[PDB]
Amino acid sequence: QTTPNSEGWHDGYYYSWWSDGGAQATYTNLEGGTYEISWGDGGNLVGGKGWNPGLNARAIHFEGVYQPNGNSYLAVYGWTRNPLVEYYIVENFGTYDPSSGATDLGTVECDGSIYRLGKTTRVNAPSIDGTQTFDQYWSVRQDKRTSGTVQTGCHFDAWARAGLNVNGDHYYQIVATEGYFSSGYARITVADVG
């Protein structure tokens with residue numbers, strides 16, 4: 001079956017769970033900063049735990065089990081408003097790099113690896129605020145990992161230096177697992193280690 005879309009608070013953490021309804025998937029909030037996702041073929045899905053509001057500079061730690069089979073990613077993921085922006089700091093991915101086709105904005109070194117920076121624009125697409133036009137900011141880790149600390153400030157500073165607007169009002173900021181026409185399992189624990 002498929003866990004219905006949901007967003008809110010659980011055990012002191014914010015969470016977001018979303019799927020297009022085409023995939024078979026079960027999303028479960030576990031205790032504290034832990035969540036679990038099991039998915040099969042059929043569509044796009046993304047869920048995870050974190051904070052709301054996000055910060056430009058948060059030290060985010062993640063660890064656990066990440067076992068995709070096909071198209072999938074593990075990322076720090078969130079939104080700002082004014083302007084409306086969807087951003088991704090991608091720590092690991094299954095088969096294809098989700099930033100493919102983005103405009104190349106160069107590289108930066110954060111938390112022990114080079115990250116490739118990029119941006120794309122989504123026109124009349126689904127957003128937290130309905131159908132809107134908005135940019136996506138990408139920072140994609142060269143040395144893939146399943147645990148560690150992300151200092152988000154390193155990436156926001158990098159996007160700013162490239163000329164992107166990072167002054168919006170923060171909405172949620174979570175460590176998300178995504179699947180796209182694939183199967184997999186994830187059990188991820190998030191924490192602020194500032």
# chains A, B, ... in the order shown; residues from 1 in each chain; ligands from 1
>>> select_by_dssp(residues="range 28-167 of chain A", states="helix (DSSP H, G or I)", output="JSON, numbers by chain")
{"A": [152, 153, 154, 155, 156, 157, 158, 159, 160, 161]}
>>> write_last_selection(atoms="N, CA, C and O atoms", output="compact mmCIF listing (two decimals), in the first residue's frame")
# COMPACT_ATOMS: atom_id res chain seq x y z
N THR A 152 25.79 23.15 7.06
CA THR A 152 25.01 23.72 5.95
C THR A 152 25.54 25.07 5.52
O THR A 152 25.43 25.45 4.36
N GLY A 153 26.14 25.80 6.46
CA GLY A 153 26.68 27.12 6.19
C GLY A 153 27.72 27.12 5.10
O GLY A 153 27.86 28.10 4.35
N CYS A 154 28.47 26.03 4.99
CA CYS A 154 29.49 25.90 3.95
C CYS A 154 28.84 25.95 2.57
O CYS A 154 29.38 26.55 1.64
N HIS A 155 27.66 25.34 2.44
CA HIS A 155 26.98 25.28 1.16
C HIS A 155 26.22 26.54 0.83
O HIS A 155 26.25 27.02 -0.31
N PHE A 156 25.54 27.11 1.82
CA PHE A 156 24.86 28.38 1.64
C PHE A 156 25.83 29.49 1.27
O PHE A 156 25.55 30.31 0.39
N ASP A 157 27.01 29.52 1.90
CA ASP A 157 28.02 30.53 1.56
C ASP A 157 28.46 30.35 0.10
O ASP A 157 28.66 31.33 -0.61
N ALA A 158 28.66 29.10 -0.30
CA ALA A 158 29.06 28.78 -1.65
C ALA A 158 28.02 29.24 -2.67
O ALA A 158 28.35 29.81 -3.70
N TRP A 159 26.74 28.96 -2.38
CA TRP A 159 25.68 29.39 -3.28
C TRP A 159 25.64 30.91 -3.37
O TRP A 159 25.44 31.49 -4.43
N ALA A 160 25.85 31.58 -2.23
CA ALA A 160 25.87 33.04 -2.22
C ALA A 160 26.99 33.59 -3.08
O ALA A 160 26.79 34.54 -3.84
N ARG A 161 28.18 33.02 -2.96
CA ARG A 161 29.33 33.47 -3.73
C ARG A 161 29.10 33.33 -5.23
O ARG A 161 29.66 34.08 -6.03
>>> residues_around(residues="range 14-24 of chain A", least_positions_apart="4", cutoff="8 Å", atoms="only C-alpha atoms", output="PDB file with N, CA, C and O atoms, in the first residue's frame")
ATOM      1  N   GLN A   1       0.836  -1.189   0.000  1.00  0.00           N
ATOM      2  CA  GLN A   1       0.000   0.000   0.000  1.00  0.00           C
ATOM      3  C   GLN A   1       0.868   1.235   0.000  1.00  0.00           C
ATOM      4  O   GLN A   1       2.036   1.138  -0.340  1.00  0.00           O
ATOM      5  N   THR A   2       0.325   2.379   0.431  1.00  0.00           N
ATOM      6  CA  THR A   2       1.147   3.562   0.552  1.00  0.00           C
ATOM      7  C   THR A   2       0.752   4.500   1.659  1.00  0.00           C
ATOM      8  O   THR A   2      -0.363   5.022   1.714  1.00  0.00           O
ATOM      9  N   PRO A   4      -0.103   7.600   3.484  1.00  0.00           N
ATOM     10  CA  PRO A   4      -0.595   8.892   3.023  1.00  0.00           C
ATOM     11  C   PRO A   4       0.395  10.025   3.325  1.00  0.00           C
ATOM     12  O   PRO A   4       1.088  10.004   4.336  1.00  0.00           O
ATOM     13  N   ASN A   5       0.403  11.029   2.460  1.00  0.00           N
ATOM     14  CA  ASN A   5       1.202  12.216   2.672  1.00  0.00           C
ATOM     15  C   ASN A   5       0.962  12.831   4.037  1.00  0.00           C
ATOM     16  O   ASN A   5      -0.152  12.898   4.537  1.00  0.00           O
ATOM     17  N   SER A   6       2.049  13.314   4.646  1.00  0.00           N
ATOM     18  CA  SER A   6       1.943  13.848   6.003  1.00  0.00           C
ATOM     19  C   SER A   6       3.116  14.802   6.284  1.00  0.00           C
ATOM     20  O   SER A   6       4.195  14.636   5.732  1.00  0.00           O
ATOM     21  N   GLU A   7       2.865  15.765   7.146  1.00  0.00           N
ATOM     22  CA  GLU A   7       3.879  16.748   7.546  1.00  0.00           C
ATOM     23  C   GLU A   7       3.542  17.238   8.957  1.00  0.00           C
ATOM     24  O   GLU A   7       2.371  17.366   9.299  1.00  0.00           O
ATOM     25  N   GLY A   8       4.564  17.488   9.777  1.00  0.00           N
ATOM     26  CA  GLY A   8       4.302  18.008  11.109  1.00  0.00           C
ATOM     27  C   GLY A   8       5.431  17.682  12.075  1.00  0.00           C
ATOM     28  O   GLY A   8       6.574  17.523  11.656  1.00  0.00           O
ATOM     29  N   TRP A   9       5.087  17.601  13.349  1.00  0.00           N
ATOM     30  CA  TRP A   9       6.024  17.332  14.415  1.00  0.00           C
ATOM     31  C   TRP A   9       5.906  15.908  14.930  1.00  0.00           C
ATOM     32  O   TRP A   9       4.811  15.357  15.035  1.00  0.00           O
ATOM     33  N   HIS A  10       7.050  15.319  15.256  1.00  0.00           N
ATOM     34  CA  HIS A  10       7.095  14.023  15.908  1.00  0.00           C
ATOM     35  C   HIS A  10       8.311  13.934  16.826  1.00  0.00           C
ATOM     36  O   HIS A  10       9.451  14.001  16.367  1.00  0.00           O
ATOM     37  N   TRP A  39      10.423   1.064   0.190  1.00  0.00           N
ATOM     38  CA  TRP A  39       9.771   1.398  -1.060  1.00  0.00           C
ATOM     39  C   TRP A  39      10.012   0.397  -2.171  1.00  0.00           C
ATOM     40  O   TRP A  39      11.022  -0.299  -2.216  1.00  0.00           O
ATOM     41  N   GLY A  40       9.052   0.349  -3.093  1.00  0.00           N
ATOM     42  CA  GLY A  40       9.106  -0.415  -4.307  1.00  0.00           C
ATOM     43  C   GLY A  40       8.822   0.457  -5.529  1.00  0.00           C
ATOM     44  O   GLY A  40       8.560   1.649  -5.381  1.00  0.00           O
ATOM     45  N   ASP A  41       8.873  -0.143  -6.700  1.00  0.00           N
ATOM     46  CA  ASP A  41       8.754   0.585  -7.960  1.00  0.00           C
ATOM     47  C   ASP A  41       7.435   1.326  -8.060  1.00  0.00           C
ATOM     48  O   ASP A  41       6.436   0.964  -7.436  1.00  0.00           O
ATOM     49  N   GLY A  42       7.395   2.382  -8.883  1.00  0.00           N
ATOM     50  CA  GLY A  42       6.126   2.993  -9.231  1.00  0.00           C
ATOM     51  C   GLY A  42       6.089   4.468  -9.249  1.00  0.00           C
ATOM     52  O   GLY A  42       5.221   5.120  -9.857  1.00  0.00           O
ATOM     53  N   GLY A  43       7.034   5.152  -8.556  1.00  0.00           N
ATOM     54  CA  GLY A  43       6.917   6.607  -8.586  1.00  0.00           C
ATOM     55  C   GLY A  43       7.964   7.307  -7.743  1.00  0.00           C
ATOM     56  O   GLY A  43       8.960   6.717  -7.342  1.00  0.00           O
ATOM     57  N   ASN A  44       7.723   8.590  -7.517  1.00  0.00           N
ATOM     58  CA  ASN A  44       8.630   9.453  -6.774  1.00  0.00           C
ATOM     59  C   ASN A  44       8.180   9.562  -5.325  1.00  0.00           C
ATOM     60  O   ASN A  44       6.995   9.715  -5.025  1.00  0.00           O
ATOM     61  N   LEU A  45       9.139   9.479  -4.407  1.00  0.00           N
ATOM     62  CA  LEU A  45       8.796   9.634  -2.988  1.00  0.00           C
ATOM     63  C   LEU A  45       9.983  10.287  -2.256  1.00  0.00           C
ATOM     64  O   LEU A  45      11.130  10.070  -2.634  1.00  0.00           O
ATOM     65  N   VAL A  46       9.657  11.065  -1.241  1.00  0.00           N
ATOM     66  CA  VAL A  46      10.684  11.733  -0.436  1.00  0.00           C
ATOM     67  C   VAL A  46      10.195  11.947   0.976  1.00  0.00           C
ATOM     68  O   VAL A  46       9.089  12.426   1.228  1.00  0.00           O
ATOM     69  N   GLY A  47      11.015  11.534   1.958  1.00  0.00           N
ATOM     70  CA  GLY A  47      10.620  11.762   3.343  1.00  0.00           C
ATOM     71  C   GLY A  47      11.833  11.870   4.252  1.00  0.00           C
ATOM     72  O   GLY A  47      12.911  11.400   3.906  1.00  0.00           O
ATOM     73  N   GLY A  48      11.623  12.467   5.426  1.00  0.00           N
ATOM     74  CA  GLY A  48      12.688  12.570   6.398  1.00  0.00           C
ATOM     75  C   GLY A  48      12.362  13.465   7.565  1.00  0.00           C
ATOM     76  O   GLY A  48      11.302  14.086   7.616  1.00  0.00           O
ATOM     77  N   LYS A  49      13.304  13.535   8.509  1.00  0.00           N
ATOM     78  CA  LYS A  49      13.144  14.303   9.730  1.00  0.00           C
ATOM     79  C   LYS A  49      14.201  15.407   9.815  1.00  0.00           C
ATOM     80  O   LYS A  49      15.264  15.308   9.210  1.00  0.00           O
ATOM     81  N   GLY A  50      13.884  16.432  10.597  1.00  0.00           N
ATOM     82  CA  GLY A  50      14.790  17.547  10.801  1.00  0.00           C
ATOM     83  C   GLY A  50      14.146  18.650  11.629  1.00  0.00           C
ATOM     84  O   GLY A  50      13.631  18.390  12.715  1.00  0.00           O
ATOM     85  N   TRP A  51      14.168  19.851  11.083  1.00  0.00           N
ATOM     86  CA  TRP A  51      13.810  21.064  11.762  1.00  0.00           C
ATOM     87  C   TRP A  51      12.920  21.974  10.923  1.00  0.00           C
ATOM     88  O   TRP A  51      12.899  21.904   9.696  1.00  0.00           O
ATOM     89  N   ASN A  52      12.216  22.848  11.621  1.00  0.00           N
ATOM     90  CA  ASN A  52      11.466  23.932  10.988  1.00  0.00           C
ATOM     91  C   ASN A  52      11.320  25.069  12.019  1.00  0.00           C
ATOM     92  O   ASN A  52      10.668  24.850  13.043  1.00  0.00           O
ATOM     93  N   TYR A 172      11.045  24.229   6.231  1.00  0.00           N
ATOM     94  CA  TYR A 172      11.675  23.058   6.802  1.00  0.00           C
ATOM     95  C   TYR A 172      13.059  22.754   6.257  1.00  0.00           C
ATOM     96  O   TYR A 172      13.448  23.176   5.174  1.00  0.00           O
ATOM     97  N   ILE A 174      15.374  19.150   6.387  1.00  0.00           N
ATOM     98  CA  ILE A 174      15.359  17.763   6.857  1.00  0.00           C
ATOM     99  C   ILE A 174      16.441  16.950   6.175  1.00  0.00           C
ATOM    100  O   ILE A 174      17.015  17.358   5.164  1.00  0.00           O
ATOM    101  N   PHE A 181      11.123   5.569  -9.081  1.00  0.00           N
ATOM    102  CA  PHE A 181      10.989   4.351  -9.877  1.00  0.00           C
ATOM    103  C   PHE A 181      12.069   3.352  -9.542  1.00  0.00           C
ATOM    104  O   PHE A 181      12.842   2.874 -10.356  1.00  0.00           O
TER     105      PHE A 181
END
>>> residues_around(residues="residue 125 in chain A", least_positions_apart="6", cutoff="12 Å", atoms="only C-alpha atoms", output="PDB file with N, CA and C atoms, in the first residue's frame")
ATOM      1  N   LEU A  84      11.045  31.818  -3.039  1.00  0.00           N
ATOM      2  CA  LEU A  84      10.759  30.394  -2.969  1.00  0.00           C
ATOM      3  C   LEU A  84      11.906  29.596  -3.602  1.00  0.00           C
ATOM      4  N   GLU A  86      13.900  25.589  -3.403  1.00  0.00           N
ATOM      5  CA  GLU A  86      14.063  24.203  -2.928  1.00  0.00           C
ATOM      6  C   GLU A  86      15.545  23.837  -3.050  1.00  0.00           C
ATOM      7  N   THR A 131       1.106  25.445  -6.862  1.00  0.00           N
ATOM      8  CA  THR A 131       1.800  25.506  -8.148  1.00  0.00           C
ATOM      9  C   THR A 131       2.527  26.817  -8.311  1.00  0.00           C
ATOM     10  N   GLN A 132       3.865  26.754  -8.397  1.00  0.00           N
ATOM     11  CA  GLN A 132       4.646  27.984  -8.433  1.00  0.00           C
ATOM     12  C   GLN A 132       5.876  27.832  -9.324  1.00  0.00           C
ATOM     13  N   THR A 133       6.511  28.968  -9.605  1.00  0.00           N
ATOM     14  CA  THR A 133       7.806  28.912 -10.295  1.00  0.00           C
ATOM     15  C   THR A 133       8.907  29.165  -9.270  1.00  0.00           C
ATOM     16  N   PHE A 134       9.928  28.313  -9.279  1.00  0.00           N
ATOM     17  CA  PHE A 134      10.960  28.414  -8.250  1.00  0.00           C
ATOM     18  C   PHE A 134      12.269  27.801  -8.704  1.00  0.00           C
ATOM     19  N   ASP A 135      13.360  28.237  -8.071  1.00  0.00           N
ATOM     20  CA  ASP A 135      14.667  27.671  -8.359  1.00  0.00           C
ATOM     21  C   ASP A 135      14.960  26.494  -7.409  1.00  0.00           C
ATOM     22  N   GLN A 136      15.802  25.603  -7.875  1.00  0.00           N
ATOM     23  CA  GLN A 136      16.403  24.551  -7.073  1.00  0.00           C
ATOM     24  C   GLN A 136      17.932  24.794  -7.000  1.00  0.00           C
TER      25      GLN A 136
END
>>> residues_around(residues="residue 71 in chain A", least_positions_apart="2", cutoff="7 Å", atoms="only C-alpha atoms", output="ChimeraX atom specification")
/A:69,94-96,179-182
>>> closest_residue(among="A:138, A:93, A:115, A:35", to="residue 186 in chain A", atoms="only C-alpha atoms")
A:35
>>> select_by_dssp(residues="chain A", states="strand (DSSP E or B)", output="number ranges by chain")
A: 2, 6-10, 13-19, 25-29, 34-39, 44-51, 59-69, 72-81, 85-93, 103-110, 113-127, 130-141, 148-151, 169-180, 183-192
>>> residues_around(residues="residue 91 in chain A", least_positions_apart="6", cutoff="6 Å", atoms="only C-alpha atoms", output="list in words")
residues 74, 75, 141 and 144 of chain A
>>> residues_around(residues="residue 77 in chain A", least_positions_apart="3", cutoff="8 Å", atoms="only C-alpha atoms", output="list in words")
residues 86, 87, 88, 89, 173, 174, 175 and 176 of chain A
